[PDB]
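Novice: Sharing a structure here in structure tokens format.
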Amino acid sequence: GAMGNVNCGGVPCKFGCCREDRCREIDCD
């Protein structure tokens, strides 16, 4: 039932790596 998503304080990002207040979906484990 739960979306299972995530959010970053710097930016809204359902899934990915959040760095420097920026979510990047690439070149990240």
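Residue names in the structure tokens use chain letters A, B, ... in the order shown, residue numbers from 1 in each chain, and ligand numbers from 1 in the order shown.
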I'd like the contact shell of residue A:10 - 8 Å cut-off, only C-alpha atoms, skipping same-chain residues fewer than 3 positions apart - returned as a PDB file with C-alpha atoms, in the first residue's frame.

Specialist:
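Writing the result to result-v9.pdb gives the following:
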ATOM      1  CA  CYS A  18      20.992  13.016  -3.247  1.00  0.00           C
ATOM      2  CA  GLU A  20      24.928  18.785  -2.894  1.00  0.00           C
ATOM      3  CA  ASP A  21      21.187  19.362  -2.532  1.00  0.00           C
ATOM      4  CA  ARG A  22      20.712  17.710  -5.929  1.00  0.00           C
TER       5      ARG A  22
END

Novice: Which residues come within 12 Å of residue A:26, counting only C-alpha atoms, excluding same-chain residues fewer than 6 positions away, as a ChimeraX atom specification?

Specialist: /A:15-18

Novice: If you measure from atom CA of residue A:29 to atom CA of residue A:2, what distance in Å do you get, rounded to one decimal?

Specialist: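 Atom CA of residue A:2 lies 23.9 Å from atom CA of residue A:29.
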
Novice: When DSSP is applied to the backbone of this structure, which of chain A are assigned strand (DSSP E or B)? Write them out as a PyMOL selection string.

Specialist: chain A and resi 17-19+22-24

Novice: Print the selection's residues with N, CA and C atoms to a file, as a PDB file, in the first residue's frame.

Specialist:
ATOM      1  N   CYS A  17      20.319   9.193  -5.930  1.00  0.00           N
ATOM      2  CA  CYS A  17      21.311   9.646  -4.964  1.00  0.00           C
ATOM      3  C   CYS A  17      21.215  11.155  -4.781  1.00  0.00           C
ATOM      4  N   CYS A  18      21.101  11.592  -3.532  1.00  0.00           N
ATOM      5  CA  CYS A  18      20.992  13.016  -3.247  1.00  0.00           C
ATOM      6  C   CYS A  18      22.310  13.565  -2.704  1.00  0.00           C
ATOM      7  N   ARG A  19      22.931  14.445  -3.482  1.00  0.00           N
ATOM      8  CA  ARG A  19      24.192  15.059  -3.090  1.00  0.00           C
ATOM      9  C   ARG A  19      24.194  16.539  -3.453  1.00  0.00           C
ATOM     10  N   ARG A  22      21.123  18.040  -4.566  1.00  0.00           N
ATOM     11  CA  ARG A  22      20.712  17.710  -5.929  1.00  0.00           C
ATOM     12  C   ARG A  22      20.607  16.196  -6.093  1.00  0.00           C
ATOM     13  N   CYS A  23      19.502  15.734  -6.668  1.00  0.00           N
ATOM     14  CA  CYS A  23      19.301  14.303  -6.867  1.00  0.00           C
ATOM     15  C   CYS A  23      19.734  13.887  -8.271  1.00  0.00           C
ATOM     16  N   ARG A  24      20.682  12.958  -8.333  1.00  0.00           N
ATOM     17  CA  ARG A  24      21.187  12.472  -9.611  1.00  0.00           C
ATOM     18  C   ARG A  24      20.885  10.987  -9.778  1.00  0.00           C
TER      19      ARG A  24
END
